[PDB]
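# Commentary on secondary and tertiary structure
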Amino acid sequence: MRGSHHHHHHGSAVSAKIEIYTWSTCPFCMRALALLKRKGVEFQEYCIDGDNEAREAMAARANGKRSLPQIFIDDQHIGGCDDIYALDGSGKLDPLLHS
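First, a word on what this report is: a plain description of the structure on this page. (Residues numbered from 1 in each chain as written, not as in the entry; some residues may be left out. Heavy atoms only, no water.)

### Topic: the packing of helix 1 (residues 27–39) against helix 3 (residues 81–89)
- With their axes 9 Å apart at the nearest point, helix 1 and helix 3 run at an angle of 35° to one another. The interaxial crossing formed by helix 1 with helix 3 has left-handed handedness. For the pair formed by helix 1 and helix 3, the contact residues are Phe28, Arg31, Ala32, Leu35, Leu36, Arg38 and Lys39 on the first element and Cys81, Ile84, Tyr85 and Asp88 on the second.
- Looking at the contact of helix 1 with helix 3, its residues break down into 7 nonpolar, no polar and 4 charged. (Axes fitted to C-alpha atoms, helices over the stretch in contact; angles between N-to-C directions. Helix = DSSP H or I, 4+ residues; strand = E, 2+ residues; numbered from the N terminus. Left-handed = near helix turned anticlockwise from the far one by under 90°. Contact = heavy atoms within 4.5 Å. Nonpolar A, V, L, I, M, F, W, Y, C, P; charged D, E, K, R; others polar.)

Dropping the structure here:
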């Protein structure tokens, strides 16, 4: 196990769980995607183009909301494009990501 290792009782290593439900061609979804990509974070996109079932699954987790996109971090609901950009503008997004 050669290398410069970091020790702080992590045990098994996980990182921020970031999810975004999208339509690929939605300009608001695209805008939210761009922000996340710029940050360089690892995340999961659920592109649900024309997928009615997945939308109902999304709405179940997002306060019944069916608007796109819907964003989650560590299983907490962040909201849509405006929401994440508002958090970033007030310096609240990076420590959720989480740095």
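### Thoughts on the state of the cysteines
- Tallying each qualifying case throughout the model produces 0 disulfides.
- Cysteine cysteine 26 remains unbridged, with the sulfur of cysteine 29 as its closest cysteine sulfur at 3.5 Å.
- For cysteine 26, a relative accessible area of 14% gives the class buried.
- Unpaired in terms of disulfides, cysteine 81 finds its nearest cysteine sulfur in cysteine 26, a separation of 8.1 Å. (Disulfide = S-S within 2.5 Å. Buried < 20%, exposed > 50% of the residue type's maximum accessible area, 1.4 Å probe, protein only.)

### Some words on the packing of aromatic side chains
- Summed over all chains, the structure comprises 2 aromatic pairs.
- On the basis of an interplanar angle of 65° and a centroid distance of 4.9 Å, the ring pair of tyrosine 21 and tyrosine 46 is categorised as edge-to-face. Linking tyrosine 21 in strand 1 (residues 18–22) with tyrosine 46 in strand 2 (residues 44–47), this pair joins segments that are 25 residues apart in sequence.
- By relative accessible area, which is 27% here, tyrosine 46 ends up partly exposed.
- Geometrically, the ring pair formed by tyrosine 21 and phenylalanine 72 is edge-to-face, given 5.7 Å between the ring centres and 65° between the ring planes. In this pair, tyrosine 21 is assigned in strand 1 and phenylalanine 72 in strand 3 (residues 70–73), connecting sequence segments 51 residues apart. Of the two residues, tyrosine 21 and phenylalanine 72, both sit in the buried class.
- Above the face of the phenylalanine 72 ring, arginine 61 is positioned so that its terminal group lies 4.1 Å from the ring centre. (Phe/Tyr/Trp six-rings, centres within 6.5 Å; stacked < 30°, edge-to-face > 60°. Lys NZ or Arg CZ within 6 Å of the ring centre and 35° of its normal.)

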